[PDB]
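Participant: Dropping in protein.cif, with mmCIF, C-alpha atoms.
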```cif
data_target
#
loop_
_atom_site.label_atom_id
_atom_site.label_comp_id
_atom_site.auth_asym_id
_atom_site.auth_seq_id
_atom_site.Cartn_x
_atom_site.Cartn_y
_atom_site.Cartn_z
CA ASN F 2 56.68 85.80 84.33
CA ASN F 3 57.14 83.33 87.23
CA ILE F 4 54.60 80.65 86.07
CA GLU F 5 56.01 77.94 83.73
CA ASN F 6 54.04 75.23 81.86
CA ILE F 7 55.51 71.74 82.52
CA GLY F 8 52.89 69.76 80.57
CA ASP F 9 49.18 69.46 79.74
CA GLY F 10 47.17 70.48 82.82
CA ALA F 11 50.39 71.06 84.82
CA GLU F 12 52.38 74.22 85.76
CA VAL F 13 54.96 75.46 88.32
CA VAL F 14 54.39 78.77 90.21
CA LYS F 15 57.77 80.23 91.29
CA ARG F 16 58.31 82.52 94.31
CA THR F 17 61.47 83.66 96.21
CA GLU F 18 62.18 85.06 99.68
CA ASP F 19 65.42 86.69 100.83
CA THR F 20 66.39 87.49 104.47
CA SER F 21 69.68 88.29 106.22
CA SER F 22 70.72 88.62 109.88
CA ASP F 23 73.78 90.61 111.06
CA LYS F 24 73.09 89.07 114.52
CA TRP F 25 73.78 85.53 113.21
CA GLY F 26 75.81 86.27 110.05
CA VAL F 27 73.32 84.33 107.86
CA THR F 28 71.55 84.98 104.52
CA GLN F 29 68.55 82.78 103.64
CA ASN F 30 67.62 82.68 99.92
CA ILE F 31 64.55 80.42 99.70
CA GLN F 32 62.92 79.26 96.44
CA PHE F 33 59.25 78.14 96.70
CA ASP F 34 58.10 76.24 93.62
CA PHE F 35 54.36 75.37 93.71
CA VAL F 36 53.43 72.23 91.74
CA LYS F 37 49.93 72.74 90.23
CA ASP F 38 48.87 69.44 88.52
CA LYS F 39 45.32 68.20 87.65
CA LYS F 40 46.67 64.58 87.55
CA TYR F 41 48.11 64.99 91.13
CA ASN F 42 45.70 64.51 94.11
CA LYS F 43 47.79 66.80 96.40
CA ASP F 44 49.25 70.31 96.61
CA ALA F 45 53.06 70.17 96.34
CA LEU F 46 55.82 72.64 97.18
CA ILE F 47 59.51 72.26 96.30
CA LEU F 48 61.69 74.29 98.68
CA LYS F 49 65.24 75.06 97.56
CA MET F 50 67.26 76.31 100.54
CA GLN F 51 70.25 78.45 99.54
CA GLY F 52 72.15 81.50 100.81
CA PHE F 53 75.18 81.92 103.05
CA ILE F 54 76.29 81.07 106.60
CA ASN F 55 79.38 83.03 107.74
CA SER F 56 82.04 80.84 109.39
CA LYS F 57 82.45 83.60 112.08
CA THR F 58 86.02 82.21 112.60
CA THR F 59 87.72 84.45 115.18
CA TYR F 60 91.29 84.54 116.54
CA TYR F 61 91.97 85.98 120.00
CA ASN F 62 94.57 85.94 122.81
CA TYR F 63 93.82 83.77 125.83
CA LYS F 64 93.20 86.08 128.83
CA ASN F 65 96.24 88.12 130.08
CA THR F 66 98.79 85.62 128.49
CA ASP F 67 101.26 86.03 125.56
CA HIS F 68 101.84 82.28 124.89
CA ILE F 69 98.26 80.93 124.72
CA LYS F 70 96.07 82.06 121.81
CA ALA F 71 92.76 80.72 120.45
CA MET F 72 90.76 80.01 117.27
CA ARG F 73 86.95 79.74 117.38
CA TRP F 74 85.76 77.90 114.24
CA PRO F 75 82.66 76.11 112.79
CA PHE F 76 82.87 72.36 113.55
CA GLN F 77 79.40 71.83 112.00
CA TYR F 78 76.90 73.79 109.89
CA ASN F 79 73.18 73.31 110.69
CA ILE F 80 70.43 73.24 108.01
CA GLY F 81 66.89 72.45 109.13
CA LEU F 82 63.28 72.61 107.92
CA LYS F 83 60.05 71.99 109.87
CA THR F 84 56.27 72.48 109.63
CA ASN F 85 53.59 72.66 112.35
CA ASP F 86 50.66 72.02 109.89
CA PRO F 87 49.14 68.53 110.54
CA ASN F 88 47.89 68.52 106.89
CA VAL F 89 51.45 68.90 105.48
CA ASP F 90 53.87 65.95 104.92
CA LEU F 91 57.61 65.99 104.05
CA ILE F 92 57.75 63.66 100.99
CA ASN F 93 61.44 63.99 99.94
CA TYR F 94 64.71 65.90 100.55
CA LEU F 95 68.21 66.30 99.01
CA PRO F 96 70.84 65.09 100.01
CA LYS F 97 69.19 61.91 101.36
CA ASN F 98 72.34 59.99 102.52
CA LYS F 99 75.77 60.52 104.19
CA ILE F 100 78.01 62.16 101.53
CA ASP F 101 81.71 63.07 101.80
CA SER F 102 82.45 64.24 98.22
CA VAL F 103 83.97 67.77 97.90
CA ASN F 104 81.02 68.90 95.70
CA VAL F 105 77.47 67.69 96.48
CA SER F 106 75.48 67.88 93.19
CA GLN F 107 72.05 66.16 93.12
CA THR F 108 68.83 66.60 91.05
CA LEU F 109 65.14 66.25 91.95
CA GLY F 110 62.88 65.40 89.02
CA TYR F 111 59.12 65.71 88.74
CA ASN F 112 56.83 63.84 86.33
CA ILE F 113 53.05 64.53 85.95
CA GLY F 114 50.83 62.46 88.27
CA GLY F 115 52.78 63.17 91.47
CA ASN F 116 55.93 61.28 90.63
CA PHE F 117 59.18 62.48 92.18
CA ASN F 118 62.72 61.05 91.38
CA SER F 119 66.53 61.79 91.32
CA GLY F 120 68.64 62.38 88.16
CA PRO F 121 72.22 61.14 87.46
CA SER F 122 75.00 62.61 85.15
CA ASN F 126 70.51 64.89 82.24
CA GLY F 127 66.74 65.70 82.24
CA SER F 128 63.68 64.14 80.41
CA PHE F 129 61.37 65.01 83.40
CA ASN F 130 58.46 67.51 83.19
CA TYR F 131 60.15 69.67 85.88
CA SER F 132 63.48 69.52 87.76
CA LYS F 133 65.46 71.30 90.52
CA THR F 134 69.21 70.95 91.20
CA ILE F 135 71.42 71.40 94.30
CA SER F 136 75.17 72.21 94.26
CA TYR F 137 77.44 73.02 97.19
CA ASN F 138 81.07 72.60 98.15
CA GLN F 139 82.02 70.90 101.45
CA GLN F 140 85.85 70.51 101.22
CA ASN F 141 87.15 68.52 104.28
CA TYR F 142 83.54 68.26 105.59
CA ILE F 143 80.82 65.55 105.56
CA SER F 144 77.02 65.93 105.17
CA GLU F 145 74.39 63.68 106.84
CA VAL F 146 70.76 63.72 108.03
CA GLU F 147 70.78 64.13 111.85
CA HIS F 148 66.96 64.01 112.26
CA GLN F 149 63.94 63.41 110.00
CA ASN F 150 60.13 62.72 110.15
CA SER F 151 56.94 63.76 108.28
CA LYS F 152 57.14 67.32 109.62
CA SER F 153 60.97 67.90 109.64
CA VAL F 154 64.51 67.30 108.23
CA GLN F 155 67.85 68.39 109.81
CA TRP F 156 71.27 68.21 108.12
CA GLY F 157 74.76 68.39 109.70
CA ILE F 158 77.77 69.48 107.57
CA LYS F 159 80.60 68.56 110.01
CA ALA F 160 84.47 68.60 109.92
CA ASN F 161 85.67 65.22 108.61
CA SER F 162 89.18 64.57 107.15
CA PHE F 163 92.12 66.96 106.60
CA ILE F 164 95.55 66.65 104.90
CA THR F 165 98.00 68.44 107.26
CA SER F 166 101.82 68.83 107.57
CA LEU F 167 101.65 66.00 110.22
CA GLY F 168 99.64 63.74 107.84
CA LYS F 169 95.90 62.87 107.73
CA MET F 170 93.78 64.35 110.59
CA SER F 171 90.17 63.86 111.74
CA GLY F 172 87.84 66.78 112.57
CA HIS F 173 88.42 65.83 116.25
CA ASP F 174 92.28 66.03 116.20
CA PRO F 175 93.39 68.53 118.93
CA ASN F 176 96.30 69.74 116.76
CA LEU F 177 94.03 70.53 113.77
CA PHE F 178 94.78 74.07 112.39
CA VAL F 179 97.77 74.72 114.80
CA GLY F 180 100.27 77.18 113.26
CA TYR F 181 104.01 77.67 112.74
CA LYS F 182 104.81 81.02 114.44
CA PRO F 183 105.17 80.40 118.26
CA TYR F 184 107.04 83.70 118.83
CA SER F 185 104.33 85.88 117.23
CA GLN F 186 102.03 88.13 119.30
CA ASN F 187 99.17 87.98 116.71
CA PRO F 188 96.64 85.20 117.60
CA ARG F 189 96.15 84.57 113.83
CA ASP F 190 99.85 83.55 113.47
CA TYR F 191 99.35 80.71 116.03
CA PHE F 192 97.12 79.03 113.38
CA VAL F 193 97.63 77.77 109.78
CA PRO F 194 97.20 80.47 107.03
CA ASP F 195 93.94 80.81 104.99
CA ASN F 196 95.55 79.08 101.92
CA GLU F 197 95.80 75.96 104.20
CA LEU F 198 92.23 76.40 105.56
CA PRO F 199 89.13 74.98 103.81
CA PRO F 200 86.56 77.60 102.56
CA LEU F 201 84.06 76.34 105.20
CA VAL F 202 86.53 77.55 107.88
CA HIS F 203 88.09 80.70 106.29
CA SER F 204 84.89 82.09 104.73
CA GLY F 205 81.72 80.14 105.38
CA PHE F 206 79.14 77.82 103.89
CA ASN F 207 77.00 78.32 100.77
CA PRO F 208 74.10 75.83 101.32
CA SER F 209 72.07 74.15 98.53
CA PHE F 210 69.36 71.83 99.95
CA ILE F 211 65.98 70.60 98.64
CA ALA F 212 62.81 69.51 100.47
CA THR F 213 59.39 68.62 98.97
CA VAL F 214 56.18 68.88 101.01
CA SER F 215 52.63 67.65 100.18
CA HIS F 216 49.46 69.44 101.36
CA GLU F 217 45.95 67.86 101.40
CA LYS F 218 43.79 69.85 98.91
CA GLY F 219 41.15 72.05 100.59
CA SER F 220 42.36 71.26 104.14
CA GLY F 221 43.45 74.90 104.64
CA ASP F 222 44.66 77.89 102.58
CA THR F 223 47.89 78.51 104.57
CA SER F 224 50.93 76.61 106.00
CA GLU F 225 53.93 77.70 108.11
CA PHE F 226 57.55 76.59 107.54
CA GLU F 227 60.56 77.22 109.80
CA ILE F 228 63.98 77.30 108.11
CA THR F 229 67.06 77.15 110.38
CA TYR F 230 70.61 77.94 109.21
CA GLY F 231 73.45 77.98 111.68
CA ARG F 232 76.61 76.49 113.13
CA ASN F 233 78.30 74.69 116.03
CA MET F 234 81.58 76.32 117.20
CA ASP F 235 84.74 74.66 118.46
CA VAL F 236 87.59 76.42 120.32
CA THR F 237 91.21 75.36 119.62
CA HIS F 238 93.81 76.69 122.13
CA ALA F 239 97.45 76.88 120.89
CA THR F 240 100.04 76.90 123.70
CA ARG F 241 103.74 77.65 122.94
CA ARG F 242 106.36 75.03 124.01
CA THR F 243 109.41 75.05 125.33
CA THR F 244 111.75 72.03 124.45
CA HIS F 245 115.19 71.41 126.16
CA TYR F 246 117.17 71.86 122.87
CA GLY F 247 115.65 75.38 122.68
CA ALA F 248 113.31 75.00 119.69
CA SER F 249 109.74 76.23 120.08
CA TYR F 250 106.52 74.75 118.66
CA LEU F 251 102.74 75.12 119.22
CA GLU F 252 100.38 72.52 120.79
CA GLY F 253 96.60 72.43 120.43
CA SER F 254 93.92 71.55 123.00
CA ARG F 255 90.20 71.58 122.09
CA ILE F 256 86.81 72.60 123.58
CA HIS F 257 84.56 70.57 121.26
CA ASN F 258 81.00 71.99 120.81
CA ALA F 259 81.92 75.16 122.75
CA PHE F 260 78.99 77.09 121.12
CA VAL F 261 76.12 74.95 119.82
CA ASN F 262 73.09 76.04 117.70
CA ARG F 263 74.20 79.55 116.70
CA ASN F 264 71.19 79.52 114.34
CA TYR F 265 69.08 81.99 112.39
CA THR F 266 65.46 80.75 112.22
CA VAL F 267 62.92 82.34 109.79
CA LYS F 268 59.17 81.43 109.88
CA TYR F 269 57.56 81.55 106.39
CA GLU F 270 53.83 81.50 105.55
CA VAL F 271 52.67 79.92 102.29
CA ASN F 272 49.22 80.37 100.63
CA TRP F 273 48.20 77.33 98.54
CA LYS F 274 45.46 79.19 96.59
CA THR F 275 47.07 82.63 95.87
CA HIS F 276 50.71 81.29 95.88
CA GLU F 277 51.83 84.26 98.05
CA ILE F 278 54.75 84.02 100.56
CA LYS F 279 54.93 86.05 103.82
CA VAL F 280 57.79 86.20 106.40
CA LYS F 281 55.93 85.68 109.72
CA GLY F 282 58.94 86.24 111.98
CA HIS F 283 62.61 85.49 112.71
CA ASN F 284 65.33 85.69 115.42
#
```
Please express the file's structure as structure tokens.
Facilitator:
Amino acid sequence: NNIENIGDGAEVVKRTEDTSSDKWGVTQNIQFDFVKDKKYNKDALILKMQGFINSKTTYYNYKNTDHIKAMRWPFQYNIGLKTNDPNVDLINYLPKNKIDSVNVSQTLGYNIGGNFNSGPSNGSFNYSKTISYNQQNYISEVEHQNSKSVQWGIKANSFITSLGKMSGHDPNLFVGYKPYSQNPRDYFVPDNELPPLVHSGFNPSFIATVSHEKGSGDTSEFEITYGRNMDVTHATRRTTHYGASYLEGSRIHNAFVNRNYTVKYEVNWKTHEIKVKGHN
């Protein structure tokens, strides 16, 4: 069963939708939890956005050269949610503020009568939903928000390198130790020195709660966007008088923006059925 009783005259109807795109290298695992409460004057839906966004980190030689090689990597991950229904309002979302901690763990609590809150380090609520994601060396913040939308940016922040502390904008970030190699991968730091968000990808965990005016319409559409913004780091071999060789990085910041996989979902407030309307 996917209907749980949260109190007297209150229940949560649970539904899940799963979609993947080889085109974008994204998996969207969406949880739709319908809040059915007699003591609450509105229809409510808790959306838990999970899945996977591949880093799509690629290493390649620069043109017809042997001494310039490149690394294309995700500077920022994009997580967005929007609605086109005038009768639907975005009431809350998690995370709400700029957060730089390695693990982002937050809880949304629900109490009968339409009361929504956030839990610390515990329950006691009638119903609750929890987010958990790792963002090592990255920072999360809300880029854009209103009553119909919320957009997050999980961007490169601070790194501990062999040359000391580096920002996500440092041109020498990720530059390797093998200038005489012919493999573009060797011009860049090994995977054990790369954060998971660069070597593998991102495992999102985001929450958004929407309120629908009762009887205003049976259906509502939601667009969920998962993607990334790519940077290109070029590592040129040098050359010094003494004879020793080293690598030097130059950067094309925001070389490939909004490499996003957008899925349009249809929700039925009466039957609690989910339909995938379309995608890209």
Participant: Kindly assemble as CSV a list of the segment 238-257 of chain F residues that lie within 7 Å of segment 65-80 of chain F, each paired with its nearest atom pair and their distance in Å to one decimal, using all atoms listed in the file, sorted first by chain and then by ascending residue number.
Facilitator:
```
residue,atom,partner,partner_atom,distance
F:238,CA,F:71,CA,4.5
F:239,CA,F:70,CA,5.4
F:240,CA,F:69,CA,4.5
F:241,CA,F:68,CA,5.4
```
Participant: Under the PyMOL selection byres ((chain F and resi 50-59) around 6), which residues of this model are included? Write them out as a tab-separated table (two decimals) with C-alpha atoms, in the coordinates of the input.
Facilitator:
```
chain	number	residue	atom	x	y	z
F	26	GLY	CA	75.81	86.27	110.05
F	27	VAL	CA	73.32	84.33	107.86
F	28	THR	CA	71.55	84.98	104.52
F	29	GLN	CA	68.55	82.78	103.64
F	30	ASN	CA	67.62	82.68	99.92
F	31	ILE	CA	64.55	80.42	99.70
F	49	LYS	CA	65.24	75.06	97.56
F	60	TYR	CA	91.29	84.54	116.54
F	72	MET	CA	90.76	80.01	117.27
F	73	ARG	CA	86.95	79.74	117.38
F	74	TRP	CA	85.76	77.90	114.24
F	75	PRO	CA	82.66	76.11	112.79
F	202	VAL	CA	86.53	77.55	107.88
F	204	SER	CA	84.89	82.09	104.73
F	205	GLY	CA	81.72	80.14	105.38
F	206	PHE	CA	79.14	77.82	103.89
F	207	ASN	CA	77.00	78.32	100.77
F	208	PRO	CA	74.10	75.83	101.32
F	209	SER	CA	72.07	74.15	98.53
F	210	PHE	CA	69.36	71.83	99.95
```
Participant: Restricting the calculation to all atoms listed in the file, which member of F:89, F:45, F:256, F:211 is positioned closest to residue 32 of chain F?
Facilitator: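 Closest candidate: F:211.
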Participant: Using only C-alpha atoms, which residues sit within 9 Å of residue 253 of chain F once same-chain residues fewer than 3 positions away are excluded, as a count of residues only?
Facilitator: 10
Participant: Expanded to explicit residues, what is the PyMOL selection byres ((chain F and resi 141-151) around 8) for this file, as number ranges by chain?
Facilitator: F: 90-92, 96-103, 139-140, 152-163, 199
Participant: Please evaluate the PyMOL selection byres ((chain F and resi 128-130) around 8) against the structure above and give the resulting residues as a count of residues only.
Facilitator: 10
Participant: Write out as AutoDock Vina command-line options an axis-aligned box for segment 37-40 of chain F: all of its atoms listed in the file, 4 Å added on each side, centre and edge lengths in Å with one decimal.
Facilitator:
```
--center_x 47.6 --center_y 68.7 --center_z 88.9 --size_x 12.6 --size_y 16.2 --size_z 10.7
```
Participant: Which residues are near residue 11 of chain F? Cut-off 8 Å, only C-alpha atoms, ignore same chain within fewer than 4 positions. Put them as a list in words.
Facilitator: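 Contacts, in chain order: residues 6, 7, 36, 37, 38, 39, 40 and 113 of chain F.
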Participant: Please provide the set of residues having any atom within 6 Å of segment 216-227 of chain F, restricted to all atoms listed in the file, with same-chain residues fewer than 6 positions apart removed, written as a ChimeraX atom specification.
Facilitator: /F:43-44,82-84,88-89,267-273
Participant: For atom CA of residue 22 of chain F and atom CA of residue 263 of chain F, determine how far apart the two atoms are, in Å to one decimal place.
Facilitator: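 According to the coordinates, atom CA of residue 22 of chain F and atom CA of residue 263 of chain F are separated by 11.9 Å.
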Participant: Smallest atom-to-atom distance to residue 172 of chain F: which of F:41, F:214, F:258, F:86, using all atoms listed in the file?
Facilitator: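 Once distances to residue 172 of chain F are computed over all atoms listed in the file, the minimum belongs to F:258.
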Participant: I'd like the neighbourhood of residue 264 of chain F as a PyMOL selection string, where a residue qualifies if any of its atoms comes within 9 Å (using all atoms listed in the file), though same-chain residues fewer than 5 positions away should be ignored.
Facilitator: chain F and resi 25+27+79-80+229-233+284
Participant: How many Å separate atom CA of residue 236 of chain F from atom CA of residue 164 of chain F?
Facilitator: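 Here the two named atoms are 19.9 Å from each other.
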Participant: Separation of atom CA of residue 278 of chain F and atom CA of residue 21 of chain F, in Å?
Facilitator: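 A separation of 16.5 Å between them.
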